[PDB]
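Okay, structure.pdb is below, PDB, C-alpha atoms and all ligand atoms:
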```pdb
ATOM      1  CA  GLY A 279     -23.795  34.200  22.891  1.00  0.00           C
ATOM      2  CA  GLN A 280     -22.869  32.660  26.245  1.00  0.00           C
ATOM      3  CA  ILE A 281     -20.496  29.828  25.239  1.00  0.00           C
ATOM      4  CA  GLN A 282     -18.843  27.748  27.998  1.00  0.00           C
ATOM      5  CA  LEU A 283     -15.208  26.714  28.364  1.00  0.00           C
ATOM      6  CA  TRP A 284     -15.923  22.987  27.814  1.00  0.00           C
ATOM      7  CA  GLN A 285     -17.888  23.826  24.639  1.00  0.00           C
ATOM      8  CA  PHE A 286     -15.030  26.003  23.382  1.00  0.00           C
ATOM      9  CA  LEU A 287     -12.509  23.197  23.732  1.00  0.00           C
ATOM     10  CA  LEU A 288     -14.695  20.802  21.678  1.00  0.00           C
ATOM     11  CA  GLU A 289     -15.008  23.566  19.072  1.00  0.00           C
ATOM     12  CA  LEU A 290     -11.240  23.842  18.890  1.00  0.00           C
ATOM     13  CA  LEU A 291     -10.870  20.063  19.017  1.00  0.00           C
ATOM     14  CA  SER A 292     -13.417  19.640  16.189  1.00  0.00           C
ATOM     15  CA  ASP A 293     -10.942  21.056  13.618  1.00  0.00           C
ATOM     16  CA  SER A 294      -7.357  19.809  13.184  1.00  0.00           C
ATOM     17  CA  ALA A 295      -6.395  23.291  11.898  1.00  0.00           C
ATOM     18  CA  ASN A 296      -6.031  24.069  15.636  1.00  0.00           C
ATOM     19  CA  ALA A 297      -3.553  21.196  16.285  1.00  0.00           C
ATOM     20  CA  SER A 298      -0.737  23.715  17.031  1.00  0.00           C
ATOM     21  CA  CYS A 299      -2.558  24.569  20.267  1.00  0.00           C
ATOM     22  CA  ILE A 300      -4.990  21.671  20.987  1.00  0.00           C
ATOM     23  CA  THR A 301      -5.629  18.130  19.643  1.00  0.00           C
ATOM     24  CA  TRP A 302      -7.287  14.817  20.440  1.00  0.00           C
ATOM     25  CA  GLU A 303      -4.628  12.255  21.286  1.00  0.00           C
ATOM     26  CA  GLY A 304      -5.148   8.935  23.047  1.00  0.00           C
ATOM     27  CA  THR A 305      -8.345   6.940  23.527  1.00  0.00           C
ATOM     28  CA  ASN A 306     -11.981   8.195  23.685  1.00  0.00           C
ATOM     29  CA  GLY A 307     -12.006  11.692  25.136  1.00  0.00           C
ATOM     30  CA  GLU A 308      -8.260  12.250  25.537  1.00  0.00           C
ATOM     31  CA  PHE A 309      -6.638  15.415  24.251  1.00  0.00           C
ATOM     32  CA  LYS A 310      -3.554  17.534  24.892  1.00  0.00           C
ATOM     33  CA  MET A 311      -2.994  21.257  24.751  1.00  0.00           C
ATOM     34  CA  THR A 312      -0.038  21.577  22.439  1.00  0.00           C
ATOM     35  CA  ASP A 313      -0.041  25.301  23.325  1.00  0.00           C
ATOM     36  CA  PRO A 314      -1.844  26.043  26.595  1.00  0.00           C
ATOM     37  CA  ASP A 315      -0.951  29.744  26.401  1.00  0.00           C
ATOM     38  CA  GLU A 316      -2.572  30.017  22.965  1.00  0.00           C
ATOM     39  CA  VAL A 317      -5.651  28.118  24.152  1.00  0.00           C
ATOM     40  CA  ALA A 318      -6.031  30.485  27.107  1.00  0.00           C
ATOM     41  CA  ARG A 319      -5.544  33.512  24.856  1.00  0.00           C
ATOM     42  CA  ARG A 320      -8.209  32.430  22.375  1.00  0.00           C
ATOM     43  CA  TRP A 321     -10.693  31.800  25.220  1.00  0.00           C
ATOM     44  CA  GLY A 322     -10.012  35.251  26.671  1.00  0.00           C
ATOM     45  CA  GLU A 323     -10.777  36.712  23.258  1.00  0.00           C
ATOM     46  CA  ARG A 324     -13.990  34.703  22.854  1.00  0.00           C
ATOM     47  CA  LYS A 325     -15.384  35.460  26.294  1.00  0.00           C
ATOM     48  CA  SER A 326     -13.987  39.027  26.051  1.00  0.00           C
ATOM     49  CA  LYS A 327     -12.024  38.504  29.270  1.00  0.00           C
ATOM     50  CA  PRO A 328      -8.490  39.677  28.289  1.00  0.00           C
ATOM     51  CA  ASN A 329      -7.190  38.935  31.830  1.00  0.00           C
ATOM     52  CA  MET A 330      -7.325  35.237  30.825  1.00  0.00           C
ATOM     53  CA  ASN A 331      -4.127  33.153  30.855  1.00  0.00           C
ATOM     54  CA  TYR A 332      -3.217  29.450  31.317  1.00  0.00           C
ATOM     55  CA  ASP A 333      -3.282  29.514  35.154  1.00  0.00           C
ATOM     56  CA  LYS A 334      -6.867  30.840  35.157  1.00  0.00           C
ATOM     57  CA  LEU A 335      -7.997  28.422  32.465  1.00  0.00           C
ATOM     58  CA  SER A 336      -6.482  25.503  34.449  1.00  0.00           C
ATOM     59  CA  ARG A 337      -8.395  26.699  37.534  1.00  0.00           C
ATOM     60  CA  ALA A 338     -11.701  26.856  35.631  1.00  0.00           C
ATOM     61  CA  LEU A 339     -11.260  23.240  34.480  1.00  0.00           C
ATOM     62  CA  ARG A 340     -10.951  22.184  38.144  1.00  0.00           C
ATOM     63  CA  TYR A 341     -14.678  22.947  38.511  1.00  0.00           C
ATOM     64  CA  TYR A 342     -15.304  20.381  35.739  1.00  0.00           C
ATOM     65  CA  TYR A 343     -13.685  17.460  37.648  1.00  0.00           C
ATOM     66  CA  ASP A 344     -16.479  17.259  40.237  1.00  0.00           C
ATOM     67  CA  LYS A 345     -19.121  17.562  37.483  1.00  0.00           C
ATOM     68  CA  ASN A 346     -17.639  14.511  35.651  1.00  0.00           C
ATOM     69  CA  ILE A 347     -17.203  16.601  32.497  1.00  0.00           C
ATOM     70  CA  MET A 348     -13.493  15.985  32.248  1.00  0.00           C
ATOM     71  CA  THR A 349     -10.459  14.917  34.255  1.00  0.00           C
ATOM     72  CA  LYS A 350      -6.705  15.803  34.249  1.00  0.00           C
ATOM     73  CA  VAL A 351      -4.407  12.959  33.389  1.00  0.00           C
ATOM     74  CA  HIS A 352      -1.954  12.859  36.311  1.00  0.00           C
ATOM     75  CA  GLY A 353       1.609  12.046  35.274  1.00  0.00           C
ATOM     76  CA  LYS A 354       1.440  13.610  31.815  1.00  0.00           C
ATOM     77  CA  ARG A 355       1.113  17.431  31.668  1.00  0.00           C
ATOM     78  CA  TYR A 356      -1.325  19.504  29.575  1.00  0.00           C
ATOM     79  CA  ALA A 357      -3.221  16.178  28.994  1.00  0.00           C
ATOM     80  CA  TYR A 358      -6.953  15.905  29.749  1.00  0.00           C
ATOM     81  CA  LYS A 359      -9.920  13.619  29.136  1.00  0.00           C
ATOM     82  CA  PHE A 360     -13.530  14.501  28.404  1.00  0.00           C
ATOM     83  CA  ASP A 361     -16.034  12.119  30.127  1.00  0.00           C
ATOM     84  CA  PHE A 362     -19.396  11.332  28.567  1.00  0.00           C
ATOM     85  CA  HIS A 363     -21.101  11.065  31.957  1.00  0.00           C
ATOM     86  CA  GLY A 364     -20.900  14.787  32.731  1.00  0.00           C
ATOM     87  CA  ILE A 365     -20.870  16.056  29.144  1.00  0.00           C
ATOM     88  CA  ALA A 366     -24.289  14.439  28.568  1.00  0.00           C
ATOM     89  CA  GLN A 367     -25.604  16.216  31.646  1.00  0.00           C
ATOM     90  CA  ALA A 368     -23.925  19.537  30.783  1.00  0.00           C
ATOM     91  CA  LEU A 369     -25.578  19.211  27.367  1.00  0.00           C
ATOM     92  CA  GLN A 370     -29.014  19.461  29.040  1.00  0.00           C
ATOM     93  CA  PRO A 371     -31.109  22.581  29.839  1.00  0.00           C
TER      94      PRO A 371
ATOM     95  CA  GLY B 279     -37.932  21.459  19.093  1.00  0.00           C
ATOM     96  CA  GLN B 280     -36.186  19.637  16.235  1.00  0.00           C
ATOM     97  CA  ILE B 281     -33.774  17.243  17.958  1.00  0.00           C
ATOM     98  CA  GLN B 282     -31.355  14.617  16.601  1.00  0.00           C
ATOM     99  CA  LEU B 283     -31.162  10.883  17.365  1.00  0.00           C
ATOM    100  CA  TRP B 284     -27.661  11.112  18.919  1.00  0.00           C
ATOM    101  CA  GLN B 285     -28.877  14.127  20.854  1.00  0.00           C
ATOM    102  CA  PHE B 286     -31.901  12.213  22.105  1.00  0.00           C
ATOM    103  CA  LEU B 287     -29.901   9.249  23.427  1.00  0.00           C
ATOM    104  CA  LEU B 288     -27.546  11.525  25.388  1.00  0.00           C
ATOM    105  CA  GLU B 289     -30.658  13.157  26.896  1.00  0.00           C
ATOM    106  CA  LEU B 290     -31.983   9.783  27.987  1.00  0.00           C
ATOM    107  CA  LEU B 291     -28.528   8.710  29.126  1.00  0.00           C
ATOM    108  CA  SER B 292     -28.199  11.908  31.237  1.00  0.00           C
ATOM    109  CA  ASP B 293     -30.825  10.646  33.722  1.00  0.00           C
ATOM    110  CA  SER B 294     -30.596   7.261  35.475  1.00  0.00           C
ATOM    111  CA  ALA B 295     -34.408   7.263  35.853  1.00  0.00           C
ATOM    112  CA  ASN B 296     -34.284   5.898  32.274  1.00  0.00           C
ATOM    113  CA  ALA B 297     -32.045   2.894  33.192  1.00  0.00           C
ATOM    114  CA  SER B 298     -34.937   0.485  32.453  1.00  0.00           C
ATOM    115  CA  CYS B 299     -34.523   1.326  28.734  1.00  0.00           C
ATOM    116  CA  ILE B 300     -30.998   2.838  28.422  1.00  0.00           C
ATOM    117  CA  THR B 301     -27.940   3.252  30.721  1.00  0.00           C
ATOM    118  CA  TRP B 302     -24.228   3.999  30.557  1.00  0.00           C
ATOM    119  CA  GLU B 303     -22.259   0.843  31.268  1.00  0.00           C
ATOM    120  CA  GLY B 304     -18.580   0.306  30.518  1.00  0.00           C
ATOM    121  CA  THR B 305     -15.808   2.834  29.906  1.00  0.00           C
ATOM    122  CA  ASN B 306     -15.981   6.328  28.346  1.00  0.00           C
ATOM    123  CA  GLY B 307     -18.924   6.482  25.961  1.00  0.00           C
ATOM    124  CA  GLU B 308     -20.181   2.910  26.401  1.00  0.00           C
ATOM    125  CA  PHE B 309     -23.904   2.285  26.868  1.00  0.00           C
ATOM    126  CA  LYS B 310     -26.488  -0.460  26.411  1.00  0.00           C
ATOM    127  CA  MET B 311     -30.180  -0.334  25.664  1.00  0.00           C
ATOM    128  CA  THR B 312     -31.843  -2.250  28.442  1.00  0.00           C
ATOM    129  CA  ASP B 313     -35.074  -1.892  26.426  1.00  0.00           C
ATOM    130  CA  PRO B 314     -34.442  -1.117  22.784  1.00  0.00           C
ATOM    131  CA  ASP B 315     -38.176  -1.326  22.011  1.00  0.00           C
ATOM    132  CA  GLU B 316     -38.925   1.340  24.608  1.00  0.00           C
ATOM    133  CA  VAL B 317     -36.088   3.554  23.336  1.00  0.00           C
ATOM    134  CA  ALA B 318     -37.501   3.419  19.801  1.00  0.00           C
ATOM    135  CA  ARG B 319     -41.007   4.151  21.082  1.00  0.00           C
ATOM    136  CA  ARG B 320     -39.923   7.281  22.967  1.00  0.00           C
ATOM    137  CA  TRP B 321     -37.990   8.485  19.892  1.00  0.00           C
ATOM    138  CA  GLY B 322     -41.044   8.084  17.632  1.00  0.00           C
ATOM    139  CA  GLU B 323     -43.058  10.172  20.064  1.00  0.00           C
ATOM    140  CA  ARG B 324     -40.343  12.877  20.234  1.00  0.00           C
ATOM    141  CA  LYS B 325     -39.914  13.187  16.441  1.00  0.00           C
ATOM    142  CA  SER B 326     -43.651  12.611  15.809  1.00  0.00           C
ATOM    143  CA  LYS B 327     -42.727   9.610  13.652  1.00  0.00           C
ATOM    144  CA  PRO B 328     -45.141   6.943  14.966  1.00  0.00           C
ATOM    145  CA  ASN B 329     -43.878   4.298  12.490  1.00  0.00           C
ATOM    146  CA  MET B 330     -40.660   4.124  14.560  1.00  0.00           C
ATOM    147  CA  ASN B 331     -39.387   0.865  16.083  1.00  0.00           C
ATOM    148  CA  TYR B 332     -36.065  -0.821  17.011  1.00  0.00           C
ATOM    149  CA  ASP B 333     -35.169  -2.038  13.493  1.00  0.00           C
ATOM    150  CA  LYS B 334     -35.448   1.539  12.143  1.00  0.00           C
ATOM    151  CA  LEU B 335     -33.627   3.009  15.126  1.00  0.00           C
ATOM    152  CA  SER B 336     -30.673   0.626  14.557  1.00  0.00           C
ATOM    153  CA  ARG B 337     -30.665   1.660  10.867  1.00  0.00           C
ATOM    154  CA  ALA B 338     -30.490   5.360  11.798  1.00  0.00           C
ATOM    155  CA  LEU B 339     -27.443   4.739  14.007  1.00  0.00           C
ATOM    156  CA  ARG B 340     -25.517   3.022  11.196  1.00  0.00           C
ATOM    157  CA  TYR B 341     -25.333   6.524   9.635  1.00  0.00           C
ATOM    158  CA  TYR B 342     -23.374   7.610  12.761  1.00  0.00           C
ATOM    159  CA  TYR B 343     -20.662   4.945  12.287  1.00  0.00           C
ATOM    160  CA  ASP B 344     -19.003   6.688   9.335  1.00  0.00           C
ATOM    161  CA  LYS B 345     -19.442  10.082  11.058  1.00  0.00           C
ATOM    162  CA  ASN B 346     -17.481   8.628  14.009  1.00  0.00           C
ATOM    163  CA  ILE B 347     -20.294   9.740  16.303  1.00  0.00           C
ATOM    164  CA  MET B 348     -20.796   6.255  17.627  1.00  0.00           C
ATOM    165  CA  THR B 349     -19.974   2.626  16.950  1.00  0.00           C
ATOM    166  CA  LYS B 350     -21.747  -0.704  17.758  1.00  0.00           C
ATOM    167  CA  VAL B 351     -19.989  -3.111  20.090  1.00  0.00           C
ATOM    168  CA  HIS B 352     -19.694  -6.282  17.961  1.00  0.00           C
ATOM    169  CA  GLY B 353     -20.126  -9.523  19.908  1.00  0.00           C
ATOM    170  CA  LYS B 354     -22.623  -7.888  22.257  1.00  0.00           C
ATOM    171  CA  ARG B 355     -26.222  -6.868  21.362  1.00  0.00           C
ATOM    172  CA  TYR B 356     -27.831  -3.493  22.057  1.00  0.00           C
ATOM    173  CA  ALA B 357     -24.362  -2.189  23.202  1.00  0.00           C
ATOM    174  CA  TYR B 358     -22.903   0.969  21.662  1.00  0.00           C
ATOM    175  CA  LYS B 359     -20.170   3.556  22.198  1.00  0.00           C
ATOM    176  CA  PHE B 360     -20.241   7.324  21.699  1.00  0.00           C
ATOM    177  CA  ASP B 361     -16.968   8.713  20.193  1.00  0.00           C
ATOM    178  CA  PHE B 362     -15.810  12.224  21.022  1.00  0.00           C
ATOM    179  CA  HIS B 363     -14.292  12.712  17.533  1.00  0.00           C
ATOM    180  CA  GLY B 364     -17.702  12.744  15.772  1.00  0.00           C
ATOM    181  CA  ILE B 365     -19.637  14.266  18.680  1.00  0.00           C
ATOM    182  CA  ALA B 366     -17.353  17.314  18.860  1.00  0.00           C
ATOM    183  CA  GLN B 367     -17.975  17.801  15.138  1.00  0.00           C
ATOM    184  CA  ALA B 368     -21.756  17.181  15.447  1.00  0.00           C
ATOM    185  CA  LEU B 369     -22.040  20.021  18.002  1.00  0.00           C
ATOM    186  CA  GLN B 370     -20.901  22.492  15.334  1.00  0.00           C
ATOM    187  CA  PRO B 371     -23.532  24.627  13.464  1.00  0.00           C
TER     188      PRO B 371
HETATM  189 CO    CO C   1     -17.447   8.857  33.329  1.00  0.00          CO
HETATM  190 CO    CO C   2     -12.704   8.439  18.009  1.00  0.00          CO
END
```
Before we go any further, please render this structure as structure tokens.
Ligand SMILES: [Co+2]
Ligand SMILES: [Co+2]
Amino acid sequence: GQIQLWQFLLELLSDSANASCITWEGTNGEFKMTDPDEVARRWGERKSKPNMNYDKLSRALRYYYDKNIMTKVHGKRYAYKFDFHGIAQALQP
Amino acid sequence: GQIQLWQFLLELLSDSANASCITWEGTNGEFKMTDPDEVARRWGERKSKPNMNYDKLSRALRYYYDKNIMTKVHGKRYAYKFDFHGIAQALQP
């Protein structure tokens, strides 16, 4: 059904078989997209939106910064951090 | 519906109207039970297990240590920390 981008990333992150494109790395919440192109592609497939690429995926994450769901780590690139404040709220109907 | 203990605490944590019994405090994932007795009571009601109390609630959480869902902050009391490793896995069917 209707799965959301943040949920998709935790799905990918939940299995180290996906490490070639995405993996936890760092302290609580921190991950890196080892292949952002591949992560965008897989999302596009899942949400049957085959116009999806990395630029569009990066834009959609921007929405999540103001919701406190996650935040981009400035300085590093392709690095991000899930925040429990917003995730706990996003987890609610 | 049938809801899980870790799921229940995130629900409570999602709303600061519950601060009198449970609140985020600290860095990513860190929380403390301002009223552990109240938290156990509300759980018992939710899972229709009216034998529930703090001692049993703290037992149930110990299960989550080896699942990496959460950990107890040693040296403090009633302080805990949700881990995104285990949570990402717990969200999976
Ligand atoms: Co936060
Ligand atoms: Co961890």
- Task: Could you expand the PyMOL selection byres (((chain B and resi 337-351) around 8) and not hetatm) into the explicit residues it covers here, written as a PyMOL selection string?
- Result: chain B and resi 283-284+333-336+352-365+368
- Message: For a quick test of understanding: name the residues of chain B lying within 6 Å of chain A when counting all atoms listed in the file, and present them as a list in words.
- Response: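 Residues passing the distance filter: residues 288, 292, 307, 362, 366 and 367 of chain B.
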- Query: Which of these residues is nearest to ligand CO 1 (chain C), using only C-alpha atoms and all ligand atoms: B:309, B:321, B:332, B:286?
  - Reply: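 Selected residue with least distance to ligand CO 1 (chain C): B:309.
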- Message: Between CA of residue 326 in chain A and CA of residue 282 in chain A, what distance in Å does the model show, to one decimal?
- Response: 12.4 Å
- Message: Suppose a student applies the PyMOL selection byres (((chain B and resi 280) around 9) and not hetatm) to this structure; what residues should they get, written as a count of residues only?
- Response: 5
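Taking CA of residue 297 in chain A and CA of residue 315 in chain A as endpoints, the distance between them is 13.5 Å.
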- Task: Find, counting only C-alpha atoms and all ligand atoms, the residue in A:322, A:329, A:314, A:303 that gets nearest to ligand CO 2 (chain C).
- Result: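 Looking at the shortest contact to ligand CO 2 (chain C), the residue is A:303.
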